[PDB]
There are 2 protein chains.
Amino acid sequence: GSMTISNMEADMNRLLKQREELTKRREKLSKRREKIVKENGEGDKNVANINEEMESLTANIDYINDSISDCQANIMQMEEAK
Amino acid sequence: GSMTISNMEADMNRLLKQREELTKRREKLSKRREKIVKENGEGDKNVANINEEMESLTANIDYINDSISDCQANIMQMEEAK
């Protein structure tokens, strides 16, 4: 009938409105994610730098300690009983 | 006689100073790095939730797109030639 198709066309249209709301929100949520992600992207960058600086300190710290252990050792030999 | 012994002692103290400058510097960085781990961490929790949401919207979009399609069959058949 005339109301048959008219009702279906309106049902399809009332769906089409849901589809576009649903799809629309997802896109927003996708950019909200993009933000939180990219922001973390700089986070990882800063940490990669720090971890490199620490790796060096660990090298020199070990070296200084090796030097302290040789110093203290030599002091001992000179000071120890003989 | 302690001129050389006292010297090595003096040297040792300065190695301790150097050892003090490094460890505290390796600590400050270790702290900074941990702050970032927390920042990125919280964000990656938001993302996890965004995903769970986008996961449910997709199935909703899938449902509507199917609904729209099925309601196109009805109209496409209730408007065609028989």
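Residues numbered from 1 in each chain as written, not as in the entry; some residues may be left out. Chains lettered and ligands numbered in written order. Heavy atoms only, no water.

Its PDB header attributes the entry to X-ray crystallography and lists the resolution as 2.495 Å.

## Quick notes on the overall build of chain A
A tally of regular secondary structure across chain A gives 1 helix and 0 strands. Against the compact-globule benchmark of 12 Å for 82 residues, chain A has a radius of gyration of 35 Å, which places it well outside the compact range. The dimensions of chain A, computed from C-alpha atoms along their principal axes, are 120 × 20 × 10 Å. If you sum the accessible surface of chain A, you get close to 6,000 Å²; carbon and sulfur atoms cover 48% of it. In chain A, 14 positive and 17 negative side-chain charges are present, and the distance between their average locations comes to 19 Å. (Helix = DSSP H or I, 4+ residues; strand = E, 2+ residues; numbered from the N terminus. Rg over C-alpha atoms; globule rule 2.2 N^0.38 Å. Areas by Shrake-Rupley, 256 points an atom, 1.4 Å probe, with all protein chains shown as cover. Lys, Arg positive; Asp, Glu negative; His and termini not counted. Charge placed at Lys NZ, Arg CZ, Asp CG, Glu CD.)

## A word on the side chain of B:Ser67
All names here are of chain B. Among the structural elements, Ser67 can be located in helix 1 (residues 3–77). Here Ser67 falls in the buried class, since its relative accessible area comes to 14%. Here the side chain of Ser67 touches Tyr63 through a polar contact of 2.8 Å, landing on its backbone oxygen. (Buried < 20%, exposed > 50% of the residue type's maximum accessible area, 1.4 Å probe, protein only. Polar contact = N/O pair within 3.5 Å; in protein donor to acceptor, adjacent residues only side chain to side chain.)

## Points about the nonpolar core
Residues A:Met12 and B:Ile68 are the most contacted members of the largest nonpolar core, which totals 17 residues. Looking at this core, the elements that each hand over two or more residues are helix 1 (2–79) of chain A together with helix 1 of chain B. Top element by residues in this core is helix 1 of chain B. It accounts for 9 residues. Beyond its immediate stretch of four places on either side in the chain, A:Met12 contacts B:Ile68, B:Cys71, B:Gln72 and B:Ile75. Core analysis: the next-biggest nonpolar cluster, separate from the first, contains 15 residues, A:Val47, A:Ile61, A:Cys71 and B:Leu15 among them. (Core = buried A, V, L, I, M, F, W, Y, C linked by side-chain atoms within 4.5 Å. Contact = heavy atoms within 4.5 Å.)

## Quick notes on a positive patch on the surface
Residue and element names in this part refer to chain A. A grouping of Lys24, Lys28, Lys31, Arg32 and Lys35 is seen on the molecular surface, where their side chains present a positively charged patch. Mapped onto the secondary structure, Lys28 falls in helix 1. According to the relative accessible area criterion, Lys28 is exposed, its value standing at 60%. (Patch = residues over 30% accessible without salt bridge, like charges linked within 9 Å, V, L, I, M, F, W, Y side chains within 5 Å. Salt bridge = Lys/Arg side-chain N within 4 Å of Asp/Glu carboxyl O.)

## Digging into the pattern of salt bridges
Where side chains of opposite charge bring their charged atoms close, a pairing between them can arise. Residue and element names in this part refer to chain A. All chains considered together, the criterion is met by 7 salt bridges over all chains. With a closest N to O distance of 3.7 Å, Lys38 and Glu34 form a salt bridge. Within this pair, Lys38 and its partner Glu34 are both found in helix 1, separated by 4 residues, close to a single helical turn. The exposure class of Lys38 is exposed, given its relative accessible area of 56%.

## Focus: the relation of the copies chain B and chain A
Turning chain B through 180 degrees and shifting it by 0.0 Å along the axis lays it on chain A, with an RMSD of 0.6 Å. When the rotation and shift are considered jointly, the pair of chain copies conforms to a two-fold rotation axis. The C-alpha atom lying nearest the rotation axis in chain B is that of B:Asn40; the distance is 2.3 Å. (Least-squares fit on C-alpha atoms.)

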